[PDB]
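Asks: First the structure, then my questions, so here it is.
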Amino acid sequence: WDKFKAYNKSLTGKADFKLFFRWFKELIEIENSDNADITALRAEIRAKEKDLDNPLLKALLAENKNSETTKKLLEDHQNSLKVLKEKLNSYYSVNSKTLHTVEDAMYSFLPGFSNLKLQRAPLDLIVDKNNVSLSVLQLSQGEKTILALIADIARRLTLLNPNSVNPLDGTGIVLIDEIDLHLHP
Amino acid sequence: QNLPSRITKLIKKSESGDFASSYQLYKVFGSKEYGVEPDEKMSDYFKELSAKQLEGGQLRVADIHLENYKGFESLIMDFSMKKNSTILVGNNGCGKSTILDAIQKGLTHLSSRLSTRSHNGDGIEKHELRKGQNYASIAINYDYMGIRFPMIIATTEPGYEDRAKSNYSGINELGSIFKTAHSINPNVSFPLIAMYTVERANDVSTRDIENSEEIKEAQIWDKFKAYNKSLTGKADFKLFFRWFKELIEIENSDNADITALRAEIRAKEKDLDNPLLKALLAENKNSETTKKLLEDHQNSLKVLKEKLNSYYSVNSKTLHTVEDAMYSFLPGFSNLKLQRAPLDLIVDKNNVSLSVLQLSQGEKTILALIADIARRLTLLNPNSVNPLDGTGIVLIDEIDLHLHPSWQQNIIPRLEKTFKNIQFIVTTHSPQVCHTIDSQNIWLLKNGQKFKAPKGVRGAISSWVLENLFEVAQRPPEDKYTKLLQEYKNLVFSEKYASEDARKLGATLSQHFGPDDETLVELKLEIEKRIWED
RNA sequence: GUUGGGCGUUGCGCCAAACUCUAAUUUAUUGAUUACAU
Ligand SMILES: Nc1ncnc2c1ncn2[C@@H]1O[C@H](COP(=O)(O)OP(=O)(O)O)[C@@H](O)[C@H]1O
């Protein structure tokens, strides 16, 4: 992880789901096989980041908030995420932080989708909506190519950008030819 | 309505409890051909009962009939049913391998019609015909819960009209019974069919493990899949390596979502306690929104506890059972793990970490054999208290390969102790395997004929079993010192007890064999006795 | 391991006896046989 071992061989570009499934499989398994201390931190980041978007408490916060106690509480659980992500960043580790960013790439480019697991008895890399779905089988043909491209961009930007609590906030050139390739209208 | 008498007899048999009695009862009430009006509900009941009564039965080979096969003109053998181990002993060139090769080409057919729809298999080739004859025939009777299935496979040279047509009446029956049992219940235990040829000597190699992560995903995980390349010998290790990777990955991928869930429960407990948050909520307790949010948080915490309990009762013993059953068979070895740098396995012996690919040749063949049996039993037998208690036929050919004569006295009983419901028809040439099985089971073979073992072949002096089962003398038959021993012994028991040669052979045989052994002390004592008498 | 006898807390439990060429009987609306209703 010296920022230059993946910077090269990128001027050609590859974006396919066959080489993304095998990559994500190793990334989610190797990270969890050894280490195993960053897994709990990342899972609790997921819990804290998805529990804030509670419609009940969100409506209560959006309601009359003249008392400063609720503002202090919201600042406190924002600082919770701040320090938590700071701790993960302090754990300088390749193959353990790129997973979180690549998951965030698919958590935003595909709006409203929840946690992403990887079953094994059937492979079936599942994406969680309010109802369960499957990516290896469903999700069309081009909705896998574009996701592979997004994942590659996220991984490459994360590797090129150490620290940077939001690694997918770099700057540079990314040229795509015929962006309308395998897309539903 | 005057139910036929045969139908009443079948109903009585089913009431007593049989599996075929209800099979031929749900196919008599589901069609108009058999002569009774078709009733669907009362046929479904019989089908369910037939499938339910199949559990607890062992599938064994009862008898076999070779006629003009490789080297046997006419052979009839009957394998014991109360005993779970049959041993074939004979010279190199009598035909013990022929009987195993005849048990296959029928076991292949049984596996094909129990797993696939092909309805094909092996057969007698032209080169296997007895030199001079024209027709050959192999007949095997399969047993299940005291009810037998016929079979016969035959051939004729394409110059004369065939005088022995093939027939597979009973194996189609057995396959249909098992398939129906699977249809009504997806987790019905099935028998295991496999043979391990001498070609398992080179089973484990670095080449096989190098590309074991580059095979198809749907070739290892389903009940009906532990049958491909299973009677070809060459106990599979690549598929075993893939299977071991997947199980260790299930352990290393789950049990962390369990840890994550426990951490989430702790965090939620902190969030609910949260003295600041509790104090803030205490300001407005009667508010409907606050009560709603608190009750929903409590319900979510209870649901999270239920989710944790869901994986709290997994206990994936699929790995533990295999590891424990394979550690006991190979003494000392323990803590088998995986190392991902050159995608290789690591096993620990005598507090030394070594790779499987570099182990002794006498410890990888047994390793792969036990691993293949355990994996196939686990695949064929779904979720159960003990998945290694399955039935079937395992044909271990030339068990004496790569074994020190210290494990041969503990190989058969250990296989029977770990696997206590599998038939183990085997062949051997080491006389330290024979003296652990009853005399009624060993089937001597010479000159194309079957001879029963002499009385008392169980635990005894190895010289006696050697002499009375292999026709090989205890001492060398042509050795100079052995000839001197004989020429000393006969003269001791005859003229020239103390003469020209008595002393010189005495000294020569005292320099070797030591001056203190069994035979020479006997001879010296008796010569002293009968020189004192004179 | 297989066969014939006896008693009755009898769709078979027990008792009392025997035999070992290397080695156990299954089909109906069919035809032959025993038996009731004719
Ligand atoms: N066409 C044939 N004609 C005569 N003998 C044959 C023929 N085919 C096979 N055989 C006999 O089969 C024997 C092979 O023995 P085998 O089955 O390998 O048992 P084992 O491995 O225990 O010695 C040989 O003794 C050979 O004579």
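So you can find residues: chains in the structure tokens are A, B, ... in the order shown, residues in each start at 1, and ligands are numbered from 1 in order.
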Would you list the residues that come within 7 Å of ligand 1? Count only C-alpha atoms (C1' of nucleotides) and all ligand atoms and give the answer as a list in words.
Replies: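 I would give the residues around ligand 1 as residues 70, 71, 90, 91, 92, 93, 94, 95, 96, 97, 98, 127, 128, 129, 130 and 131 of chain B.
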Asks: Go ahead and write the selection's residues with C-alpha atoms as a PDB file, in the first residue's frame.
Replies:
```pdb
ATOM      1  CA  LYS B  70     -11.300 -62.605 -15.720  1.00  0.00           C
ATOM      2  CA  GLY B  71      -9.897 -65.651 -13.932  1.00  0.00           C
ATOM      3  CA  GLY B  90      -4.543 -64.906  -1.354  1.00  0.00           C
ATOM      4  CA  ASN B  91      -1.519 -65.017  -3.604  1.00  0.00           C
ATOM      5  CA  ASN B  92      -0.705 -62.396  -6.231  1.00  0.00           C
ATOM      6  CA  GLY B  93      -2.400 -64.023  -9.207  1.00  0.00           C
ATOM      7  CA  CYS B  94      -5.450 -65.729  -7.704  1.00  0.00           C
ATOM      8  CA  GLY B  95      -8.089 -63.070  -8.357  1.00  0.00           C
ATOM      9  CA  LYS B  96      -8.965 -61.089  -5.235  1.00  0.00           C
ATOM     10  CA  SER B  97      -8.862 -57.945  -7.379  1.00  0.00           C
ATOM     11  CA  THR B  98     -11.235 -59.653  -9.827  1.00  0.00           C
ATOM     12  CA  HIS B 127     -10.606 -58.104 -23.058  1.00  0.00           C
ATOM     13  CA  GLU B 128     -12.135 -59.319 -19.767  1.00  0.00           C
ATOM     14  CA  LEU B 129     -13.637 -62.459 -21.322  1.00  0.00           C
ATOM     15  CA  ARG B 130     -12.089 -65.714 -20.154  1.00  0.00           C
ATOM     16  CA  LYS B 131      -9.686 -66.908 -22.845  1.00  0.00           C
TER      17      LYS B 131
END
```
Asks: Contacts of residue 1 of chain C at 12 Å or less, counting only C-alpha atoms (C1' of nucleotides), minus same-chain residues fewer than 5 places along, as a PDB file with C-alpha atoms (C1' of nucleotides), in the first residue's frame?
Replies:
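This went into selection.pdb:
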```pdb
ATOM      1  CA  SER B  80     -21.816 -61.972   6.328  1.00  0.00           C
ATOM      2  CA  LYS B  82     -24.048 -59.632  11.199  1.00  0.00           C
ATOM      3  CA  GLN B 440     -15.462 -66.985   9.511  1.00  0.00           C
TER       4      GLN B 440
ATOM      5  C1'   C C  19     -28.729 -81.296  12.597  1.00  0.00           C
ATOM      6  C1'   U C  20     -23.999 -79.254  10.115  1.00  0.00           C
ATOM      7  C1'   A C  24     -32.555 -70.943   3.369  1.00  0.00           C
TER       8        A C  24
END
```
Asks: What's the separation between atom CA of residue 351 of chain B and atom CA of residue 331 of chain B, in Å to one decimal place?
Replies: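 Spanning atom CA of residue 351 of chain B to atom CA of residue 331 of chain B is a straight-line distance of 13.3 Å.
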Asks: Please identify all residues of chain A having at least one atom at most 8 Å from any atom of chain B, considering only C-alpha atoms, and return them as an MDAnalysis selection string.
Replies: chainID A and resid 29 32:33 36 39:40 43:44 47 56:57 60 69 73 120:121
Asks: Which of these, A:180, A:49, A:16, A:31, has the shortest distance to residue 94 of chain A once you count only C-alpha atoms?
Replies: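 Comparing A:180, A:49, A:16, A:31 against residue 94 of chain A, the winner is A:31.
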Asks: Which parts of segment 101-184 of chain B does DSSP call strand (DSSP E) when run on the backbone here, written out as a list in words?
Replies: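 Assigned to strand (DSSP E), within segment 101-184 of chain B: residues 135, 136, 137, 138, 139, 140, 141, 142, 143, 144, 147, 148, 149, 152, 153, 154, 155 and 156 of chain B.
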Asks: Can you tell me, as a VMD selection string, what residues are no more than 9 Å from residue 380 of chain B when counting only C-alpha atoms (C1' of nucleotides), ignoring any on the same chain fewer than 4 positions away?
Replies: chain B and resid 188 to 192 222 to 226 375 to 376 387 390
Asks: Return as a VMD selection string the residues belonging to chain B that are within 10 Å of chain C, counting only C-alpha atoms (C1' of nucleotides).
Replies: chain B and resid 4 6 35 76 to 78 450 to 452
Asks: Write out as a ChimeraX atom specification each polymer residue whose atoms come within 12 Å of residue 11 of chain C, counting only C-alpha atoms (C1' of nucleotides); drop sequence neighbours fewer than 5 positions from it.
Replies: /B:12-13,15-16
Asks: Go ahead and save the residues from that selection, with C-alpha atoms, as a short mmCIF file (atom, residue, chain, number, x, y, z; two decimals), in the first residue's frame.
Replies:
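Result file follows (result06.cif):
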```cif
data_model
loop_
_atom_site.label_atom_id
_atom_site.label_comp_id
_atom_site.auth_asym_id
_atom_site.auth_seq_id
_atom_site.Cartn_x
_atom_site.Cartn_y
_atom_site.Cartn_z
CA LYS B 12 -50.80 -56.46 7.12
CA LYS B 13 -47.11 -56.43 6.19
CA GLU B 15 -48.78 -52.70 9.68
CA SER B 16 -46.01 -55.02 10.86
#
```
Asks: Identify, with DSSP run on backbone atoms, the residues in chain A assigned to helix (DSSP H, G or I), and express the list as a VMD selection string.
Replies: chain A and resid 18 to 33 38 to 51 55 to 62 68 to 90 98 to 109 142 to 160
Asks: Give me, as number ranges by chain, all polymer residues having an atom no more than 12 Å from residue 72 of chain A, counting only C-alpha atoms (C1' of nucleotides) and skipping those fewer than 5 positions away in the same chain.
Replies: A: 61, 65-67, 77-79; B: 276-277, 280
Asks: Can you write out the residues you just picked, keeping N, CA and C atoms, as a tab-separated table (two decimals), in the first residue's frame?
Replies:
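Just written: result24.tsv:
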```tsv
chain	number	residue	atom	x	y	z
A	61	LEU	N	-36.48	15.47	16.31
A	61	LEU	CA	-35.43	16.46	16.16
A	61	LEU	C	-35.89	17.63	15.30
A	65	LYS	N	-37.32	22.49	18.88
A	65	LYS	CA	-36.05	22.17	19.52
A	65	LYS	C	-35.45	23.41	20.16
A	66	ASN	N	-36.27	24.16	20.89
A	66	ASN	CA	-35.78	25.35	21.58
A	66	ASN	C	-34.75	25.00	22.65
A	67	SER	N	-34.95	23.89	23.36
A	67	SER	CA	-33.99	23.45	24.36
A	67	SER	C	-32.68	23.04	23.69
A	77	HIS	N	-23.81	12.62	19.18
A	77	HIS	CA	-23.75	11.41	18.37
A	77	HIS	C	-23.21	11.67	16.97
A	78	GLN	N	-23.03	12.93	16.57
A	78	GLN	CA	-22.20	13.21	15.40
A	78	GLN	C	-20.72	13.05	15.73
A	79	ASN	N	-20.30	13.56	16.89
A	79	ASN	CA	-18.91	13.39	17.31
A	79	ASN	C	-18.59	11.92	17.56
B	276	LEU	N	-27.52	10.60	30.22
B	276	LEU	CA	-27.94	11.88	29.65
B	276	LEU	C	-29.25	11.73	28.87
B	277	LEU	N	-29.33	10.71	28.01
B	277	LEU	CA	-30.55	10.50	27.23
B	277	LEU	C	-31.73	10.14	28.12
B	280	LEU	N	-32.90	13.32	29.75
B	280	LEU	CA	-33.64	14.14	28.80
B	280	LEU	C	-35.04	13.60	28.55
```
Asks: Using only C-alpha atoms (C1' of nucleotides), which protein or nucleic acid residues come within 12 Å of residue 6 of chain C? Drop anything in the same chain fewer than 5 positions from it, and give the result as a ChimeraX atom specification.
Replies: /C:14-17
Asks: To one decimal in Å, tell me the separation between atom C1' of residue 25 of chain C and atom CA of residue 62 of chain B.
Replies: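 If I compute the distance from atom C1' of residue 25 of chain C to atom CA of residue 62 of chain B, I get 17.8 Å.
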Asks: Find the distance between atom CA of residue 320 of chain B and atom CA of residue 334 of chain B and write it in Å to one decimal.
Replies: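 Computed distance, atom CA of residue 320 of chain B to atom CA of residue 334 of chain B, equals 12.0 Å.
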Asks: Tell me, as a compact mmCIF listing (two decimals) with C-alpha atoms, in the first residue's frame, which residues lie within 10 Å of residue 19 of chain A, counting only C-alpha atoms (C1' of nucleotides); anything in the same chain fewer than 5 positions away does not count.
Replies:
```
# COMPACT_ATOMS: atom_id res chain seq x y z
CA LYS A 14 -11.57 -2.74 -16.65
CA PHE A 24 -15.00 -8.55 -3.06
CA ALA A 148 -18.06 -2.65 -11.11
```
Asks: For residue 356 of chain B, which residue among B:507, B:204, B:325, B:385 is the nearest when counting only C-alpha atoms?
Replies: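 That would be B:204, the residue with the smallest distance to residue 356 of chain B.
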Asks: Closest to residue 145 of chain A among A:28, A:183, A:107, A:99, using only C-alpha atoms?
Replies: A:183
